[PDB]
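Take a look at this one chain, the form solved without this ligand, written out in structure tokens.
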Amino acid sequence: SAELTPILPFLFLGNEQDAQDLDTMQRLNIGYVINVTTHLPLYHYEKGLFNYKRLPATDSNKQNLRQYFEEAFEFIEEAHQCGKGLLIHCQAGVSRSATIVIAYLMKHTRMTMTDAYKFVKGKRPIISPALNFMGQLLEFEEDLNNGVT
């Protein structure tokens, strides 16, 4: 499988196996986890090492992920303002979780959607957001550029 991907020093985009790797997470000072699926476990939850957030998306071509952007970004920013890293993952780290990361970069570093996509794709060549997620990213780009959330 692909390696866990540092996106920023406090933001890592990875897969379900990355989400089980306690050693790495503690090494990277990761205190927060976003699990972008409805059905995977919150790995290591009972250890009470991390602050977890489930974004219970299905990988269906109807899924709305825009719905979760605001809340995802608040949790990343909570991790950042307190000096910890955040791991965000789905099963493989290719579509659902990669879309949130791209959206966070468009919002919090004002990258265009193309530039944010190429930024993530350069660091994690695995990514391939589903077309309906690509559609939601373009609409979020319009919304960001007029002041509509």
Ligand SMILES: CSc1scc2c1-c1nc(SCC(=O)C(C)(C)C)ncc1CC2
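A residue's number is simply how far along the shown sequence it sits, counting from 1.
Separately, the form deposited with this ligand bound exists; it is not shown, and the next lines address it.
The site is blocked: after superposition of the local C-alphas, three or more atoms of this ligand, taken in the deposited bound form, come within 2.4 Å of this form's backbone or C-beta atoms.
None of the heavy atoms of residue 92 is located within 4.5 Å of this ligand in the deposited bound form. By the criterion of a heavy atom within 4.5 Å, residue 114 is counted among the residues contacting this ligand in the deposited bound form. Although the partner is absent here, residue 127 lies within 4.5 Å of this ligand in the deposited bound form, judged by heavy atoms. Shown alone here, residue 133 lies within 4.5 Å of this ligand in the deposited bound form, counting heavy atoms only.
The stretch in contact with this ligand in the deposited bound form, judged by heavy atoms within 4.5 Å, is 98-106, chosen from 98-106, 46-54, 78-86, 28-36.
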